[PDB]
């Protein structure tokens, strides 16, 4: 029996126990429709394993194990709800992901893996996955709660000075170097994904965009982000084609971040989605700083070093030349130790479910798979998704 139990044991293996449970659990859902039960063999199968399957679903991991405290986000695929695992009394942030909606129409995988290789790295710059489970209608992702909110809410609540901008930019740079060292590139760095913890220190979150690189250090996918205020030219060019951009697409985003933090608006803002795309494409000519908004030459120099063609953009020789940039001189922190210095904005958190750093959200009614006639097997793409710390 030698190697068999070992393949089942390895928690990274695709045929460990919780994958076998996912598999059998999915197969049941794809066969329990009163059309398919006309088949002799399908009916007998369900009649035996139906009972014990619901007993499993009871013991496994379920939305009922958690209390919905408040809704802190949405979502387009689901919600971001502040939850308290009743058994552990612990607080988490849970992202619901509608399946069906998760069928972005062409090719998929496996799918997760990006989030897998992040969790198994446990960087303190990346919002951390603890548990991940599913039912018939949703994928569930249980993350560490970030009670300081995102940097959208921060910039809308403060006039960010350059002393703060150094700090938040530096921690983003250290987070991107962390993700890049895992073999991934983010492709969606924006203030929505920059989240602050108990102490006002920043972590990056993956909203499903991170991708593992070539052996050329490239990625070439297809799959989008919708609004482009923070997206580089090489990514926009490639949505039509494929089209191989490197890790330096993320450093463009840092430049956009630093512009918005010091200026008040994004560099290529426009009413229309079109106008922003065309303005980003025309960045050699469209980028400019407002007449008033006073900005140090060092800061203005760094922004422009990030917002150029990816041929000459700052940081495609490695991250070291980002750290050397004069804008990052300060009396308060070293790159060596910044995550244990004092943050500029420490949140005033009064309890462990304080969510005052998250805007309120209305109650919006969900859409799902069509009931099939013949076996279509909608659930097979999620065999292996369930994950336990």
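Positions refer to the first chain, counted from 1.
Engineer: Which class fits the unmodelled deposited stretch between residue 364 and residue 365: none, 1 to 3, 4 to 9, or 10 or more?
Structural biologist: In the record, 1 to 3 residues between residue 364 and residue 365 lack coordinates.
Engineer: Averaging CA B factors per stretch from the PDB record, which one is higher: 132-140 or 277-285?
Structural biologist: Looking at the recorded C-alpha B-factors, 132-140 comes out higher on average.
Engineer: Which has higher Cα B-factors on average according to the PDB entry: 252-260 or 68-76?
Structural biologist: Going by the record's values, the stretch with the higher mean is 68-76.
Engineer: Among 358, 333, 45, 328, single out the one with the highest C-alpha B factor in the record, please.
Structural biologist: Max CA B-factor in the entry, restricted to 358, 333, 45, 328: 45.
Engineer: From 145, 120, 168, 207, pick the one with the largest CA B-factor in the entry?
Structural biologist: Of the options given, 120 has the highest CA B-factor in the PDB entry.
Engineer: Looking at the entry's B-factor column for C-alpha atoms only, identify whether residue 348 ranks in the lowest, middle or highest third of its chain.
Structural biologist: Top third by C-alpha B-factor.
Engineer: Sort the modelled residues of this chain by their C-alpha B factor and say whether residue 321 lands in the lowest, middle or highest third.
Structural biologist: Within its chain, residue 321 is a lowest-third residue by C-alpha B-factor, going by the deposited values.
Engineer: Could you tell me which third, lowest, middle or highest, the C-alpha B-factor of residue 237 occupies within its chain?
Structural biologist: Lowest third of the chain for residue 237's C-alpha B-factor.
Engineer: Classify residue 116 as lowest, middle or highest third according to the C-alpha B-factor given in the PDB entry, relative to its own chain.
Structural biologist: Middle third.
Engineer: What third of the chain does residue 214 rank in for C-alpha temperature factor, lowest, middle or highest?
Structural biologist: Middle third by C-alpha B-factor.
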